[PDB]
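Hydrogens, waters and symmetry mates play no part in the numbers below; they use all other heavy atoms, side chains included. Every chain is numbered from 1, with letters handed out A, B, ... down the list of sequences.
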There are 2 protein chains.
Amino acid sequence: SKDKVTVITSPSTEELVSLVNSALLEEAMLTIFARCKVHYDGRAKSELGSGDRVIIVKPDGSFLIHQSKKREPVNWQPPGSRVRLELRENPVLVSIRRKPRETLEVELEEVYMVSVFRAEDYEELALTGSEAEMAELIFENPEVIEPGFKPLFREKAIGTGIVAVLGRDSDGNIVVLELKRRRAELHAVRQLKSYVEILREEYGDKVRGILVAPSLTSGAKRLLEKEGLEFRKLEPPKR
Amino acid sequence: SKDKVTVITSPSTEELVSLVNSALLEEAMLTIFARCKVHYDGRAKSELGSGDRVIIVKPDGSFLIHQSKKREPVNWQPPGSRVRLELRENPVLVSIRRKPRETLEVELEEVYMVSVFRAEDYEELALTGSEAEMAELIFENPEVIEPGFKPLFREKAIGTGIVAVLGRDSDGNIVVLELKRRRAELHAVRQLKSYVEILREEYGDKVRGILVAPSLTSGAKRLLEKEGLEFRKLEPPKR
DNA sequence: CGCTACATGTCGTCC
DNA sequence: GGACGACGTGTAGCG
Ligand SMILES: [Mg+2]
Ligand SMILES: [Mg+2]
């Protein structure tokens, strides 16, 4: 219980209980390979029949159950959940959330492996190429939109909704920008169109809105044009 | 190598290589506990400094790096990535993706554990309480909306966008339904408003929009009412 | 394929 | 905690 890893293949019940309870107490990552059934009831409800999966319980209460395919866990519980090991006909991992109230139950039919990983990580992800950096680029360099553009507000609450960037053009009109870091879609335009209408109701048909994205879908283009909105091609920047 | 699980702690390089290789060849699950750095370049770009993480490679190319917090992996590749282990100053897990071009590099500074899990699973998640089931309820029992409501289409592409349920009321108006399995937000009302307008272009004032959800956010109700759109409380059914 | 919209979305960020 | 919208979103499902 100093070693980063403690692992037992084909553990007995006592061994399982010992390692599971150590993981929670030491606040380390618990990892288990097991044949299991999963029961979930919560926001939604689901059953998963008997099969082999990887189970992870993070010290912050995150609970993940992974099949041999996809990116997503087949079942999970978010940070803050409370997990208890519980003995029955078979051992059962039980994770509870109260807000909203959700129960995840993992019945462990055969545990092939259980492990405790006392992980030491002080580092945080450093990410670039986001929408937030698109905004920064525009405020530092407003001409990537158009000559004379004057960015004024970032994330301005208008009446209903929140606008990515609000500014004025060389004609003095109010300008709404809707930024997308990737190819913009129908819902991008609906967002932009929604902000613009609300603002037009105040400042007149004067108000411009501009979709700022590396590209558009066919449908985005269509709706953008039918509503008299504009498109400025812009790539999300990378430090 | 007929055991369901193979585990090596503090492996040698050749031990590391052997198990990774075997994992990929056997369509097994690879799990690694390691101190590592992560370099990602793709749709966006990111850097993660030295820290302990759980690393998972699924047979379908899904690649997950997990820290001891949250529910999301800090770095990943989705199914379809091709992974390989390169011997550099340290071993490096690579994982290239095509369309779009993405590379994920995991530098293994110290591998505390490597494991091969030959997982056997034929079962698919059975979930209830979804939006699809709201839809099915509404076709089985249209009076949950209102009497004389006749549903016609589900997931119907109109010109721009795809409508959840489309039908008529007993007064001969066209009805758009927008469904949400959870509390409805501004996004939903924007969808609904958008569909109603497009439909009004063909059929004129004879279109009704209805938001169907268990409840609304403040802004949603604000926008709903402003636009003369309706609301019917409905909870997603659980079998 | 490209487009669209759901999701037990999750997560940040303001209030 | 509710509201609001981003995310390297993932993922289905249909043209
Ligand atoms: Mg926005
Ligand atoms: Mg919809």
Touch class at under 4.0 angstrom, heavy-atom based, for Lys180(B) against every strand present: sugar-phosphate
Spacing between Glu133(A) atom CD and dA6(D) atom P, to the nearest angstrom: 16 Å
Upstream residue (5' side of DNA chain D) when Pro79(B) and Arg97(B) are each assigned their closest nucleotide: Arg97(B)
Sugar-phosphate only, base, or nothing, as touched by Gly42(A) at under 4.0 Å among non-hydrogen atoms: nothing
Rounded distance in Å - CZ (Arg222(A)) to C1' (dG15(D)): 12 Å
Ionic contact status for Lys180(B) with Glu178(B), cut-off 4.0 Å: yes
Whole angstrom value for the distance that separates P of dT11(D) from CG of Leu125(B): 13 Å
Presence of donor-acceptor pair under 3.5 Å, side chain of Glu102(B) and base of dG8(D): yes
Phosphate-side-chain proximity, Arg43(B) and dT9(D), N/O vs OP1/OP2 below 4.0 Å: yes
Atom-pair distance (CD1 on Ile158(A); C1' on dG5(D)), nearest Å: 13 Å
Sugar-phosphate, base or nothing in reach of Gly161(B), heavy atoms under 4.0 Å: sugar-phosphate
Contact under 4.0 Å: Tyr195(A) side-chain N or O vs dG5(D) OP1/OP2: yes
Whole-Å P distance, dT11(D) and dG15(D): 23 Å
Sugar-phosphate, base or nothing in reach of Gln191(B), heavy atoms under 4.0 Å: sugar-phosphate
Sugar-phosphate only, base, or nothing, as touched by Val74(B) at under 4.0 Å among non-hydrogen atoms: nothing
Side-chain N or O of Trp76(B) closer than 4.0 Å to phosphate OP1/OP2 of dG10(D): yes
Verify stacking: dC7(D) then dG8(D), 5.5 Å distance, 30° angle limits: no
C1'-based separation of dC11(C) from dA7(C) [nearest Å]: 14 Å
N-O pairing of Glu197(B) and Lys193(A) below 4.0 Å: yes
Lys/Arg-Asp/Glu bridge criterion (N-O < 4.0 Å) met for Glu72(A), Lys70(A): no
Earlier contact from the 5' end, DNA chain C, for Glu155(B) and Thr128(B): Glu155(B)
Euclidean distance, atom CZ of residue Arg71(A) to atom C1' of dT9(D) [Å, nearest integer]: 7 Å
P atoms of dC4(D) and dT8(C), separation to the nearest Å: 23 Å
Any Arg182(A) side-chain N or O less than 4.0 Å from OP1/OP2 of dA6(D): no
Which side the sugar of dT4(C) sits on, once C1'-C2'-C3'-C4' is checked for sign: south
Step-by-step side-chain hydrogen bond (donor to acceptor under 3.5 Å, both in side chains) determination, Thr217(A) to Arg183(A): CA-CA 7 Å; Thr217(A) 69; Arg183(A) 165 177 274 236; 5.8 Å; no
Sugar-phosphate, base or nothing in reach of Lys45(A), heavy atoms under 4.0 Å: nothing
Given DNA chain C, 5'-ward residue of the pair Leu127(B) and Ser62(A), judged by closest heavy atom: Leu127(B)
Rounded distance in Å between the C1' positions of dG13(D) and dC3(C): 11 Å
Selection from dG5(D), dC7(D), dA6(D) that lies nearest to any side-chain heavy atom of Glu178(A): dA6(D)
Dot-bracket line, read 5' to 3' along DNA chain C, where crossing pairs take [ ] and | marks a partner on another strand, Watson-Crick or G-U under 3.5 Å: ||.||||.|||||||
NZ/NE/NH1/NH2 to OD/OE distance under 4.0 Å, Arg88(A) and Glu107(A): no
Sugar-phosphate only, base, or nothing, as touched by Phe63(A) at under 4.0 Å among non-hydrogen atoms: nothing
Whole angstrom value for the distance that separates P of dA6(D) from CD of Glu72(B): 17 Å
Other residues, nucleotides, ligands: >12 heavy atoms within 6.0 Å of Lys150(A) NZ: no
Sugar-phosphate only, base, or nothing, as touched by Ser218(A) at under 4.0 Å among non-hydrogen atoms: sugar-phosphate
Proximity to the side chain of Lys99(A) - top-ranked nucleotide from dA6(D), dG8(D), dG2(D): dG2(D)
Side chains of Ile96(B) and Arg84(B) in contact at under 4.5 Å (non-hydrogen atoms): yes
Gap in Å between the two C1' atoms, one belonging to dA6(D) and one to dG10(D), rounded: 14 Å
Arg154(A) NZ/CZ over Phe139(A) ring centroid, <6.0 Å and within 45° of normal: no
Leading and trailing nucleotides of DNA chain C with any atom under 4.0 Å from heavy atoms of chain B: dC1(C) to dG12(C)
Contact list for DNA chain D against residues 47-58 of chain B - heavy-atom distance below 4.0 Å: none
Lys/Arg N to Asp/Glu carboxylate O, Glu235(A) vs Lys233(A), below 4.0 Å: yes
Touch class at under 4.0 angstrom, heavy-atom based, for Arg183(A) against every strand present: sugar-phosphate
Nearest-nucleotide comparison on DNA chain D, the residue closer to the 5′ end among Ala157(B) and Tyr40(B): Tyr40(B)
Distance-only donor-acceptor test (3.5 Å): side chain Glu131(A), base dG5(D): no
More than 12 heavy atoms from other groups under 6.0 Å of NZ on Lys238(A): yes
Contact check, side chains of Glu146(A) and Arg232(A), non-hydrogen atoms, under 4.5 Å: no
Chi angles and distances behind the side chain to side chain contact (heavy atoms under 4.5 Å, CB included) call for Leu104(B), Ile65(B): CA-CA 10 Å; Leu104(B) 183 53; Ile65(B) 298 93; 3.7 Å; yes
Between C1' of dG10(D) and CG of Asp60(B), the distance in whole Å: 12 Å
Between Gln77(A) and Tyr40(A): side-chain donor-acceptor atoms closer than 3.5 Å: no
Sugar of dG9(C), sorted north or south by the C1'-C2'-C3'-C4' dihedral sign: north
Side-chain donor or acceptor of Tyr122(B) paired with backbone N/O of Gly51(A) under 3.5 Å: no
Side chain to side chain contact (heavy atoms under 4.5 Å, CB included) assessment of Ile145(B) paired with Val175(B): CA-CA 11 Å; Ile145(B) 299 302; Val175(B) 177; 5.7 Å; no
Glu185(B) CD to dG2(D) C1', straight-line distance once rounded to whole Å: 10 Å
